[PDB]
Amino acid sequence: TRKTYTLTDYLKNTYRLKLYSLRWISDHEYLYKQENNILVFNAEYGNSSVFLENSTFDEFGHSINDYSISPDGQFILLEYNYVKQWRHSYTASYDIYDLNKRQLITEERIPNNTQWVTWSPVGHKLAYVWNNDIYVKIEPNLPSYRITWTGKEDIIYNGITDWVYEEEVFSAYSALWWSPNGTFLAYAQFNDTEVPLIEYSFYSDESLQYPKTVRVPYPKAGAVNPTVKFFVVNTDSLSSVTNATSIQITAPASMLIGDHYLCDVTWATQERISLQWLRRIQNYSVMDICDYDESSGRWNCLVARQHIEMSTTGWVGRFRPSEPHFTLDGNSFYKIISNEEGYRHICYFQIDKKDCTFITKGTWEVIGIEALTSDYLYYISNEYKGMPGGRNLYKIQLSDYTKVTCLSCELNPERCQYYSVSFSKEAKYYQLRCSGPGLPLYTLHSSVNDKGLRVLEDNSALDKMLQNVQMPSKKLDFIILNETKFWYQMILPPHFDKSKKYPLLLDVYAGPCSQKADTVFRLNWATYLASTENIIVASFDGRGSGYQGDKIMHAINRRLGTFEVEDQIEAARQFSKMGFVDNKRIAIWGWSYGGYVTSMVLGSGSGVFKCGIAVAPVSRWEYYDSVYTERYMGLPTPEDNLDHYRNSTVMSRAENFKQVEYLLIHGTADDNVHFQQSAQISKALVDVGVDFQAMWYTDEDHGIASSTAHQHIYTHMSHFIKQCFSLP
């Protein structure tokens, strides 16, 4: 008999997905790391040359975390002494190696504890942030020019984001934007002076006698937010004798009237920059289009070139207003916006006209704009077969919008229904990356006639290994609630028999714009539960879920902890009535927003669920960050939405946990969903005399991702689920 996919297989990564991560360096060539060597490939023919031998830094004396080759291929930035901070932020030490003179640069080195570094988009200039200040190097061996002098730890951030902008706005630590040819360097400055600090203990190694208190400027819902300023510096006119002059671009009057955010920065041309600003009440945004004035050295943003984006049903954008995609001349742009039917489609704008023209339409949505030429726009959408959980690449003829061609739909329809893409510099070639329902498949293509050049990686090695394993299957289908179709997925045990009753685990996210029912192939904890333990692992996308239009997505506006919680209960109620589900054995689990929903479900008094697990859950919206929380909830003030903030807590449902088995887990060094959130759940459960299971993870953050904690958490939860389901 053949083996099953075990908990150890998941924890030890016995079955590995192969990748094909390339970096385009031009319109015809890409870099690829093979056996620690860096190769250059010609996309047309597939031939290669060694760019950098692995042995070049054998005597370096430090372990190199990462490499970054300058756009001109003349230099390599060597990253070492990496120290993680938050999701994207970290510090590191850097060395520059000259590829032509085959030597490490020892003069005017980038300092240790550097926070961010980036090459210019063309050539080899560098911009870096150190001690919260921006520096520019024109040549790697030459002295830096100091750009800002105001940088101050936890207070003034120049060219780097603070906690909330990193996590919730830019999904990045960098707040630097080079102009297309590198003449100008645009940057944001954040001021956290009056932002309150979250404080928590960090225990460190056993040798530390007194715990350390970590203090992070973090605005909770309704608290004082950081303030922002935007500047542009000309890097071609820097002096060794004089301090660099930064030109400020101020936010429009419609933003300055109150609290706001800088939400997007996109260069249009060598002398034109676009910025989007968002009000703290996130249903109103404005784009400014700013032009460099050669005579005055100023940046002017004409009122006639402003573009307003607003929502009457919810917030603006999926998580923020979308990025514009400018034409070669920068006189017009393409941008994803919600249409009159509430579906996200591509609109074509003129820089000086209010009305835009929709180029795509239908009861489906564009996911992202991927490439633009004078003749075609390339995008990813879930149009194909009306499946919101599938993704394909399309091209639209700009001279005729009726001519839309799917480029990935028919390549391999049984294996591939979820794609992402990477285009070369001027869209001459594209790499397609299929991630499911079958094994990932990486292919290379030429745009002229959409030729499928070659297979880069087909995962045939893993397919051979998986033939000897009793793997689970995945069912993707829908249920109908009040005339609307809502999709679900079921990870089904091997040899699934509809005449047998299986225990069911509801795997939850259910946050705004979440999607848990899709065609992606995954090897995770659910694979083991279905394969070894014979548990069905179900996921459901109800009200508030994404990629299906605003009628569904905005249904939870100002009302978190309502419809999305009721919809998970309803889906389980419907699954419990199916012939193959044991109604005495239904469980629920989730992490983050999924942990909040699991806890709200377990406290609903529904009687559908026997047990459940919440990992790092939100418990009360006033404890979570301003940017994410307020986007959906507004402000927690009597005049705004305080009553709903107060009635949507987990703590108020404590008495209802009397009839369920609950396991509550949280890392003590969680900078994102503070340990406080679970500390308040446990205190409420103790207050009403409800017994429950708990586990804290010393010094672990939101990810509970260290090798040992990751193995321990999944081992602990597996014991809990098996005990709940009476499985030996």
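If you superpose the two forms and keep the largest set of C-alpha atoms that fall within 1.5 Å, you have the rigid core. One rule holds for the numbers: they count along the sequence shown, beginning at 1.
Here the rigid core sets the fit, and in 4 other deposited structures of this protein the C-alphas of 236-244 stray farther than those of the other stretch, out of 410-418 and 236-244.
RMS Cα deviation from the shown model in 4 other deposited structures of this protein, rigid core fit, is larger for 55-63 than for the other stretch of the pair 55-63 / 670-678. Remark: stretch with higher mean C-alpha B factor among 608-616 and 176-184 is 176-184. In this entry, the higher average B-factor at the C-alpha atoms falls on 42-50, of the pair 670-678 and 42-50. Looking only at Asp518, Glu483, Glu383, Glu167, the residue with the top Cα B factor in the deposited structure is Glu483. As recorded in the PDB entry, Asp400 shows the highest C-alpha B-factor of the residues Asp541, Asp400, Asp205, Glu457. For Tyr714, the recorded CA B-factor ranks within the lowest third of the chain. Only modelled residues enter the ranking. Sorting the modelled residues of the chain by their CA temperature factor places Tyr662 in the lowest third. Annotation for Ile25: C-alpha temperature factor in the highest third relative to the rest of the modelled chain, per the entry. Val129: CA B factor lies in the middle third for its chain, per the PDB record. Annotation for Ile704: C-alpha temperature factor in the lowest third relative to the rest of the modelled chain, per the entry.
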